[PDB]
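Presented below is the structure to which this report refers.
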Amino acid sequence: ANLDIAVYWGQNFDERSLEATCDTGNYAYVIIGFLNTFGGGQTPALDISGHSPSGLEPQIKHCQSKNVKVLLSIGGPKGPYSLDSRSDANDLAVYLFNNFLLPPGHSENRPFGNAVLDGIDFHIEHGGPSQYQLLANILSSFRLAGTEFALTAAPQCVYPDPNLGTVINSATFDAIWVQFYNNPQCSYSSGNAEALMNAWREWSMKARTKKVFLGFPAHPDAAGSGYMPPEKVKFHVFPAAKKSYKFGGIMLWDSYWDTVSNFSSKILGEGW
Ligand SMILES: OC[C@H]1O[C@@H](O[C@H]2[C@H](O)[C@@H](O)[C@H](O)O[C@@H]2CO)[C@H](O)[C@@H](O)[C@@H]1O
């Protein structure tokens, strides 16, 4: 096994804190969501469910000191975000670079203070491809300029993804976590994994990335559909998934629900 688990954080004001989330030892990646406001004349804004952005500075550092990678996710399930013009792609690329991916020059400007993030997560669920290809190109260019960080995406389970499909085809993403929930055509339902198993084969064969993660909801309440019990994921999915060269591990939506279900603890055998 030796499983890598990625988990989304920032979805509830009352959730287990980021540092306690990393201290669990269950995750290789923690993804903070969401920068859900940008483009269309709008100034970029975060919706991290009321957590203090400045307060996350020491927590992000602690998480990193324990070898947990911290990512910022742009877009999200909901939000007034859009990248319709070329200028919007350029503006957001420059803003993400200065304020999150580079060490501060002087600055009082940065939301997370002096924390330097390990990457950007594309969680685009509406708006089509737009200028997301251009945005990724500039971010990819900065990565080639010496600032080492990761670019990831969280597409829906139908391939190709209507919003990120063309961008994923450029092979720019280091890792992809496919959301195998909220869509019966490609996720687990009614004691039937057929739709899920066929979606997985397609993504692991066609997705032009080095690592593909399987995204599951940590709890029945966490998503409309697609919840699959831990004992079934290990029995059903892992044997066929670990046969793939592109198998990355699993992604969990989300930290708040995982704390309640203890889903990651069961899939690993309680670790630690
Ligand atoms: O670095 C930024 C800054 O966030 C501030 O919190 C705001 C939050 O972003 C906003 O959405 C909400 O409506 O109000 C809160 C505060 O009362 C936070 O106050 C700052 O400490 C933090 O550093």
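Naming scheme: A, B, ... for chains in displayed order of the structure tokens; residues 1 onward per chain; ligands 1 onward as shown.
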task = Name all residues at most 7 Å from residue 118 in chain A (count only C-alpha atoms; drop same-chain ones fewer than 3 positions away) and give them as an NGL selection string.
result = :A and (69-71 or 149-150)
Just N, CA and C atoms for this one: save the residues we selected as a short mmCIF file (atom, residue, chain, number, x, y, z; two decimals), in the first residue's frame.
data_model
loop_
_atom_site.label_atom_id
_atom_site.label_comp_id
_atom_site.auth_asym_id
_atom_site.auth_seq_id
_atom_site.Cartn_x
_atom_site.Cartn_y
_atom_site.Cartn_z
N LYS A 69 2.67 18.93 2.24
CA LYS A 69 2.59 19.98 1.24
C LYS A 69 1.27 20.73 1.32
N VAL A 70 1.36 22.06 1.33
CA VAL A 70 0.18 22.92 1.41
C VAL A 70 -0.08 23.66 0.10
N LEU A 71 -1.27 23.43 -0.45
CA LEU A 71 -1.69 24.02 -1.71
C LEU A 71 -2.88 24.98 -1.58
N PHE A 149 7.17 24.80 -7.58
CA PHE A 149 5.88 24.55 -6.96
C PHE A 149 5.10 23.59 -7.85
N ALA A 150 4.00 23.06 -7.34
CA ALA A 150 3.21 22.10 -8.10
C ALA A 150 1.92 22.68 -8.64
#
request  = Tell me which protein, DNA and RNA residues are within 9 Å of range 91-101 of chain A, counting only C-alpha atoms, leaving out same-chain ones fewer than 3 positions away, and put them as an MDAnalysis selection string.
outcome  = chainID A and resid 38:39 44 72 83 86:88 104:105 107 109:120 135:136 138:139 142 147:149
request  = Have a look at A:49, A:198, A:209, A:133 and name the one nearest to residue 14 in chain A; count only C-alpha atoms.
outcome  =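 Closest candidate: A:49.
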ask   = Please, what distance in Å, to one decimal, runs between CA of residue 108 in chain A and CA of residue 40 in chain A?
value =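 Going from CA of residue 108 in chain A over to CA of residue 40 in chain A, I get 25.6 Å.
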query = Within 12 Å of residue 34 in chain A, counting only C-alpha atoms, which residues qualify if same-chain residues fewer than 2 places away don't, as an NGL selection string?
reply = :A and (8-12 or 31-32 or 36-38 or 44-51 or 53 or 71-81 or 120-124)
The selected residues should be written to file as a compact mmCIF listing (two decimals), in the first residue's frame (atoms: N, CA, C and O atoms).
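This is the output file part-v1.txt:
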# COMPACT_ATOMS: atom_id res chain seq x y z
N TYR A 8 -8.94 18.24 1.26
CA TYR A 8 -9.31 19.64 1.14
C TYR A 8 -9.59 20.20 2.52
O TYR A 8 -10.23 19.55 3.34
N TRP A 9 -9.09 21.40 2.78
CA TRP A 9 -9.28 22.05 4.06
C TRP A 9 -9.79 23.47 3.85
O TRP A 9 -9.48 24.10 2.84
N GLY A 10 -10.55 23.96 4.82
CA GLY A 10 -11.08 25.31 4.76
C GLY A 10 -12.57 25.39 4.50
O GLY A 10 -13.11 26.47 4.25
N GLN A 11 -13.25 24.25 4.58
CA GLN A 11 -14.69 24.23 4.30
C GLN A 11 -15.65 24.50 5.46
O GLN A 11 -16.86 24.57 5.25
N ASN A 12 -15.13 24.65 6.67
CA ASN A 12 -15.99 24.95 7.82
C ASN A 12 -15.27 25.74 8.90
O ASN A 12 -14.12 25.45 9.25
N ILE A 31 -5.03 20.76 0.91
CA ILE A 31 -5.42 21.79 -0.04
C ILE A 31 -6.40 22.80 0.55
O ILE A 31 -7.53 22.45 0.90
N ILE A 32 -5.97 24.05 0.65
CA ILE A 32 -6.80 25.09 1.19
C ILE A 32 -7.71 25.70 0.16
O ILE A 32 -7.29 26.13 -0.92
N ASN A 36 -12.22 31.86 -4.38
CA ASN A 36 -13.42 31.76 -5.22
C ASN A 36 -13.91 33.02 -5.92
O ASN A 36 -14.99 33.01 -6.54
N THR A 37 -13.15 34.10 -5.83
CA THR A 37 -13.54 35.35 -6.46
C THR A 37 -12.40 35.94 -7.25
O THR A 37 -11.36 36.28 -6.69
N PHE A 38 -12.60 36.03 -8.56
CA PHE A 38 -11.63 36.62 -9.48
C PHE A 38 -12.24 36.82 -10.86
O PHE A 38 -13.27 36.23 -11.18
N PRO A 44 -9.50 39.76 -6.45
CA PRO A 44 -9.44 38.40 -5.92
C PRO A 44 -9.81 38.34 -4.44
O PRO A 44 -9.42 39.22 -3.67
N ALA A 45 -10.56 37.32 -4.05
CA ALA A 45 -10.96 37.17 -2.67
C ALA A 45 -11.02 35.70 -2.27
O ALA A 45 -11.23 34.82 -3.10
N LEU A 46 -10.82 35.46 -0.98
CA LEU A 46 -10.84 34.12 -0.45
C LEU A 46 -12.12 33.83 0.31
O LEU A 46 -12.71 34.71 0.93
N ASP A 47 -12.56 32.59 0.21
CA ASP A 47 -13.69 32.14 1.00
C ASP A 47 -13.16 30.88 1.64
O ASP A 47 -13.20 29.81 1.03
N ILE A 48 -12.61 31.03 2.84
CA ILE A 48 -12.10 29.92 3.61
C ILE A 48 -12.94 29.77 4.88
O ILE A 48 -12.43 29.52 5.97
N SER A 49 -14.25 29.94 4.71
CA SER A 49 -15.23 29.80 5.78
C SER A 49 -14.95 30.56 7.08
O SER A 49 -15.17 30.05 8.18
N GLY A 50 -14.48 31.79 6.95
CA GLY A 50 -14.24 32.62 8.12
C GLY A 50 -12.97 32.39 8.93
O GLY A 50 -12.81 33.00 9.99
N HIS A 51 -12.08 31.53 8.46
CA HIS A 51 -10.82 31.34 9.18
C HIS A 51 -10.01 32.58 8.89
O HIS A 51 -10.13 33.16 7.81
N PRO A 53 -7.11 34.43 7.54
CA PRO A 53 -6.04 34.15 6.57
C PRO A 53 -4.65 34.40 7.14
O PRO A 53 -3.72 33.63 6.87
N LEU A 71 -1.27 23.43 -0.45
CA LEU A 71 -1.69 24.02 -1.71
C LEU A 71 -2.88 24.98 -1.58
O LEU A 71 -3.67 24.88 -0.64
N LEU A 72 -2.99 25.93 -2.50
CA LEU A 72 -4.11 26.88 -2.53
C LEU A 72 -4.94 26.49 -3.73
O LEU A 72 -4.41 26.32 -4.83
N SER A 73 -6.24 26.33 -3.52
CA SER A 73 -7.11 25.96 -4.61
C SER A 73 -7.86 27.16 -5.14
O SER A 73 -8.45 27.92 -4.37
N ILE A 74 -7.83 27.35 -6.45
CA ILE A 74 -8.55 28.45 -7.06
C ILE A 74 -9.89 27.96 -7.63
O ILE A 74 -10.02 26.81 -8.06
N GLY A 75 -10.89 28.84 -7.59
CA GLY A 75 -12.21 28.49 -8.09
C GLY A 75 -13.05 27.87 -6.99
O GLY A 75 -13.35 28.53 -6.00
N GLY A 76 -13.44 26.61 -7.16
CA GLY A 76 -14.24 25.94 -6.15
C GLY A 76 -15.61 25.52 -6.65
O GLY A 76 -15.96 25.80 -7.79
N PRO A 77 -16.42 24.86 -5.81
CA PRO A 77 -17.77 24.38 -6.15
C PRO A 77 -18.70 25.52 -6.54
O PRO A 77 -19.54 25.40 -7.43
N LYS A 78 -18.54 26.63 -5.84
CA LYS A 78 -19.38 27.80 -6.04
C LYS A 78 -18.56 29.08 -5.94
O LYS A 78 -17.50 29.10 -5.30
N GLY A 79 -19.04 30.14 -6.57
CA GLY A 79 -18.31 31.39 -6.52
C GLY A 79 -18.43 32.20 -7.78
O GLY A 79 -18.65 31.65 -8.86
N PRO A 80 -18.28 33.53 -7.67
CA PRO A 80 -18.37 34.42 -8.83
C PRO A 80 -17.02 34.54 -9.53
O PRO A 80 -16.55 35.64 -9.81
N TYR A 81 -16.40 33.41 -9.83
CA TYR A 81 -15.11 33.44 -10.50
C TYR A 81 -15.23 33.15 -12.00
O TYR A 81 -16.07 32.37 -12.44
N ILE A 120 -0.57 25.36 -6.52
CA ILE A 120 -1.88 25.87 -6.87
C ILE A 120 -2.77 24.73 -7.37
O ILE A 120 -2.35 23.92 -8.17
N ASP A 121 -4.00 24.68 -6.87
CA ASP A 121 -4.95 23.65 -7.28
C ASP A 121 -6.05 24.27 -8.14
O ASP A 121 -6.70 25.23 -7.73
N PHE A 122 -6.24 23.73 -9.35
CA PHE A 122 -7.29 24.21 -10.25
C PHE A 122 -8.55 23.41 -9.96
O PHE A 122 -8.64 22.24 -10.33
N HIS A 123 -9.50 24.03 -9.28
CA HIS A 123 -10.77 23.38 -8.94
C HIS A 123 -11.86 24.16 -9.66
O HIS A 123 -12.79 24.68 -9.04
N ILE A 124 -11.71 24.26 -10.98
CA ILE A 124 -12.64 25.00 -11.83
C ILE A 124 -13.86 24.15 -12.20
O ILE A 124 -13.74 23.15 -12.91
query = Quick one: of A:194, A:35, A:55, A:20, who's nearest to ligand 1, counting only C-alpha atoms and all ligand atoms?
reply =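 Among the listed residues, the smallest separation from ligand 1 belongs to A:55.
Among A:190, A:185, A:130, A:52, the residue with the shortest atom-to-atom distance to ligand 1, counting only C-alpha atoms and all ligand atoms, is A:52.
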task = One decimal, Å: what's the distance from CA of residue 245 in chain A over to CA of residue 269 in chain A, could you say?
result =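 The value is 24.0 Å.
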